[PDB]
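Below is one structure, written out as structure tokens, with a few remarks after it.
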Amino acid sequence: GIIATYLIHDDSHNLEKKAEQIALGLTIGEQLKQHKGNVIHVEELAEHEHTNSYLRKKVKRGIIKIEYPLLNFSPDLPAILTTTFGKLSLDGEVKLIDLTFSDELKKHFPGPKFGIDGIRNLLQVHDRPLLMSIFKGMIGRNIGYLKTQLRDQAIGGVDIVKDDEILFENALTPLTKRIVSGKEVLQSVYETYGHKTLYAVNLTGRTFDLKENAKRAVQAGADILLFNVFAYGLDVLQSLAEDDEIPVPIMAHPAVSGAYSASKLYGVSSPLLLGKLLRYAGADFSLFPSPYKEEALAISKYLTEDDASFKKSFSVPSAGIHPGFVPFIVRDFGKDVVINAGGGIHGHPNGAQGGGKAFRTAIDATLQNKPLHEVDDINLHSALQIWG
Amino acid sequence: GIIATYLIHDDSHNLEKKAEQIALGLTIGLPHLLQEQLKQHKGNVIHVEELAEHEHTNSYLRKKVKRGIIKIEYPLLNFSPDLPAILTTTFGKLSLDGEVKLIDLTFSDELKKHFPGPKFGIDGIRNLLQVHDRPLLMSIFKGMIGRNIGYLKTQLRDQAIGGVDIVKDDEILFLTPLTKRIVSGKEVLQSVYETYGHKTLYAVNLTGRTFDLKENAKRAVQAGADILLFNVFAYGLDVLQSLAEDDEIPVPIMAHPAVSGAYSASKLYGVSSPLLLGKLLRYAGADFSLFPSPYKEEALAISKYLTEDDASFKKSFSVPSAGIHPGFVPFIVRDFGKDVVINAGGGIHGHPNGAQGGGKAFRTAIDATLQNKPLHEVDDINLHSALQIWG
């Protein structure tokens, strides 16, 4: 079935007993043994006095692994989360760290439609890390403003431009207009500059209108759908990824997921949420806070670990990134990563065009192990001079 | 538009600076006429209050922080009027910003117009049961797993004859098609109604994947479902809202808190439980909201949001849960008033005289409590053996 790995701060100091109580309490409480939960492993961990002080009580730390029979839940994320953490989420110092799906269970999930290889083929960028940037100051501005920023980022060499995280349906830049206008801008840049850029557009609105809106977006010519998965739910992302009438990649944004993962004592771990579950659910890209942390590397690990059931997803460490960090990013994440320039690309002395060239040049230098400061490029130089 | 209240542990010891920072970064960022229309999209700091310092926290975080409450207002023009956009706007990026917690959201009158609130609410539930005065009594099936239909009916009948107003499915279910439990359950309950004149409602758990919920809910109604039990937080508040807004689902919805703890267990991060299990659930349309009982201050805060007067939404029934037996009835009515549901949980089946006797105990306990007469001075064997076993 499924193995849930929990990190617990046991105040009773009996990991064995507690583990067994959870195993029973979350299952059956002869023909019943068939649904009985099994304690697979108990791991004692080092004590933390600072936590004891914070909780005003001595707690024994440890990791508990429990196996829940497949017959105990429907094979979808809402049922899985409910079974493995519905009750425990309110039982105290317990955090869900990982979920190990059996090969049988994995068969019920789609995994990414495109994955790393599908995205690279789509963009026709086969070896180097990808480059992404974001519009800056879209709210209150018109379509002409969007078109100009999009054109500059594309001419700058960016592979993917995404909508500002908080851009919702509005009278100035509504969905279909953003898509139609954007598609024309990027086609024009392609026709003249030979560089193809993709536009990841924000898919928002009511949960029950998402499929209709996603299809309107596709019809309008959308390249990638940007989705705030955690504002809606993993099961919703999954249904979008499962629809073959939505033949475009989905880029997941981590907005709101912090409500689940910020604590070290409660919640659900970031690697499971932004790494494993997003991948199984169908996200082709996963944006997550950058370490500029093992946390970040863990997410990435689950997004790319070999798994015969699912394609790999593109890792997109975000925030606090400038051309100078490219070397660190590639060493830490490898070549199959997306360099997220964020909205900071527009801050370069030569606009988004200069910022993009700085990143593109930086990426190529990095792949040749050539230092950035020894690179003769006015754009990359001024970048290292202003940002570091 | 919408005002968000945050609890922050600032490691820069400058609440006024962090606040303005947040009000700007989460909103806007030229000729006069354009600047004028753009100012309409800017966030405004509404209130900044400092709080007592917590040394244990400083030690825990391995850094010193300044505790405070910040209130930032976001213009409606900046987001679509739906919970997903609202949560993304007020706590999207902030949820990953560090020690910050969404404590409350104050919707404006115009914004509230975009939400349904409960379909039935307190008055609607009371009219369904024809119980207009005292608090209601609810119990949960017990040991249903691995049992047949005849067993369900028998336990259902016993709970009803015991005076229980609402019987609901337990949390862990794995043989008994919903339409079947619904149909058979209905049969049992109508029998008790036409024999004792007592009305009992059966709240059945609504399941399935997100995009099958509405069709499943309508089928449940068609089969004769009384109330739909729904694990809101396993799907999302926006899904609960769509169910509540659907006129083809003319039945009450009872919200269960499963998973919500993933959001509110921390005192430093997440979204507060009262905001979740109280305000949002009511606005989204939950007729009943189950939450851990104080048997503490969060329990009352939740109840407050569910019942506080609001011209835009009907009120919801508070349902404190866990650690409740007949002895606590006087307390519950004290802390939650008469418009509350007494959740006997599966504890009635433990009564020495079974569920029938356990239900009677609660029903006698509530009638007595409303008469102000102490339970100790009540000449009732069922109630006595209860207070004698539970205290």
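Among all residues of region B:330-351, there is at least one that is more than 25 Å from the chain's Cα centre (by Cα) and assigned by CATH to the domain that holds B:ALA203.
Table: residues versus (1) basic (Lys, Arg); (2) touching a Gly at 6+ places or on another chain (Cβ under 9 Å).
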| position | (1), (2) |
| --- | --- |
| B:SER273 | no, yes |
| B:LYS279 | yes, no |
| B:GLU297 | no, no |
| B:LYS304 | yes, yes |
| B:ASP309 | no, no |
| B:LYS315 | yes, yes |
| B:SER318 | no, yes |
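A single entry from A:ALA362, A:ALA352 fulfils the requirement of being farther than 30 Å from A:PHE101 by Cα, buried (at least 16 other Cβ atoms within 10 Å of the Cβ), of a type in the set (A, V, I, L, M) and in contact with an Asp or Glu (Cβ under 6 Å, 6 or more places away or on another chain): A:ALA352. For A:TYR190, state whether it is hydroxyl-bearing (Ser, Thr, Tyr) and surrounded by fewer than 20 Cβ atoms within 10 Å (Cβ to Cβ). Criteria met by A:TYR190. Under the condition of being closer than 24 Å to B:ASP246 by Cα and either assigned to a helix (DSSP H, G or I) or in contact with a strand residue (DSSP E or B) (Cβ under 9 Å, 6 or more places away or on another chain) (or both), the residues counted in region A:179-216 number 12.
Filter region B:154-173 for residues that are hydrophobic (A, V, I, L, M, F, W, C) and not in a strand (DSSP E or B); which is nearest to the chain's Cα centre (by Cα)?
So, considering only residues that are hydrophobic (A, V, I, L, M, F, W, C) and not in a strand (DSSP E or B), the one nearest to the chain's Cα centre (by Cα) is B:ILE172.
Taking the criterion of being loosely packed, with under 14 Cβ neighbours inside 10 Å and either more than 14 Å from chain A (Cβ to nearest Cβ) or assigned to a helix (DSSP H, G or I) (or both), the residues of region B:126-153 that qualify are B:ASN127, B:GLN130, B:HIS132, B:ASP133, B:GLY150. Within region A:299-331, the set of residues being hydrophobic (A, V, I, L, M, F, W, C) and in contact with a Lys or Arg (Cβ under 8 Å, 6 or more places away or on another chain) comprises A:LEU303, A:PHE310. Filtered by the rule that a residue be in contact with a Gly (Cβ under 9 Å, 6 or more places away or on another chain) and within 12 Å of chain A (Cβ to nearest Cβ), region B:243-259 gives B:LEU243, B:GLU245, B:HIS256, B:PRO257, B:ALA258, B:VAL259. Within region A:193-219, take every residue that is more than 12 Å from chain B (Cβ to nearest Cβ) and of a type in the set (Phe, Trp, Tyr) and give me the one that is surrounded by the most Cβ atoms within 10 Å (Cβ to Cβ). Checked region A:193-219; the qualifying residue surrounded by the most Cβ atoms within 10 Å (Cβ to Cβ) is A:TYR199. A:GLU305 fulfils the conditions (1) charged (D, E, K, R); (2) surrounded by fewer than 21 Cβ atoms within 10 Å (Cβ to Cβ); (3) within 7 Å of another protein chain (Cβ to nearest Cβ) except for a single criterion, (3). Quick check: anything in region B:177-187 within 14 Å of chain A (Cβ to nearest Cβ) and closer than 25 Å to B:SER289 by Cβ? Yes, the conditions are met somewhere in region B:177-187. The residue that is surrounded by the fewest Cβ atoms within 10 Å (Cβ to Cβ), among those in region A:235-257 that are under 24 Å from B:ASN231 (Cβ atoms) and in contact with a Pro (Cβ under 9 Å, 6 or more places away or on another chain), is A:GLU242. Starting from residues that are of a type in the set (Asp, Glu) and within 11 Å of another protein chain (Cβ to nearest Cβ), keep the ones in region A:67-125 and report whichever is surrounded by the most Cβ atoms within 10 Å (Cβ to Cβ). The selected residue is A:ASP76.
Of the residues that sit in region B:53-62 and are in contact with a strand residue (DSSP E or B) (Cβ under 9 Å, 6 or more places away or on another chain) and in a loop (DSSP other than H, G, I, E, B), which one is surrounded by the most Cβ atoms within 10 Å (Cβ to Cβ)? Filtering first and then ranking leaves B:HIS54. Within region A:6-52, track down each residue that is within 12 Å of chain B (Cβ to nearest Cβ), in a helix (DSSP H, G or I), touching a helix residue (DSSP H, G or I) at 6+ places or on another chain (Cβ under 8 Å) and within 27 Å of A:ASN72 (Cα to Cα). Within region A:6-52, A:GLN34, A:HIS35 qualify.
From the list B:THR207, B:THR200, B:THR195, exactly one residue is out of contact with any helix residue (DSSP H, G or I) (no Cβ under 8 Å at 6 or more places or on another chain) and of a type in the set (S, T, N, Q). Which is it? Spell out how you get there, then give the answer.
Details: B:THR207 fails: out of contact with any helix residue (DSSP H, G or I) (no Cβ under 8 Å at 6 or more places or on another chain); B:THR200 fails: out of contact with any helix residue (DSSP H, G or I) (no Cβ under 8 Å at 6 or more places or on another chain).
Residue meeting the stated conditions: B:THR195.
B:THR176 satisfies every condition listed in (1) part of a helix (DSSP H, G or I); (2) in the same structural domain as B:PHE288 (by CATH) except (1). Is it the case that some residue within region B:221-231 is small (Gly, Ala, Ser), surrounded by 18 or more Cβ atoms within 10 Å (Cβ to Cβ), within 17 Å of the chain's Cα centre (by Cα) and assigned by CATH to the domain that holds B:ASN382? Checked against the condition, which is being small (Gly, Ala, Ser), surrounded by 18 or more Cβ atoms within 10 Å (Cβ to Cβ), within 17 Å of the chain's Cα centre (by Cα) and assigned by CATH to the domain that holds B:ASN382, region B:221-231 yields no hits at all.
Considering B:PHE317, B:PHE291, which residue is buried (at least 24 other Cβ atoms within 10 Å of the Cβ) and more than 11 Å from chain A (Cβ to nearest Cβ)?
Working: B:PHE291 fails: more than 11 Å from chain A (Cβ to nearest Cβ).
Of the residues listed, the single one that is buried (at least 24 other Cβ atoms within 10 Å of the Cβ) and more than 11 Å from chain A (Cβ to nearest Cβ) is B:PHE317.
All of this is worked out from the model, or read from it or from the source named; no laboratory instrument gave them. Neighbour counts run over all protein chains shown; Cβ positions are idealised from the backbone, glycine included.
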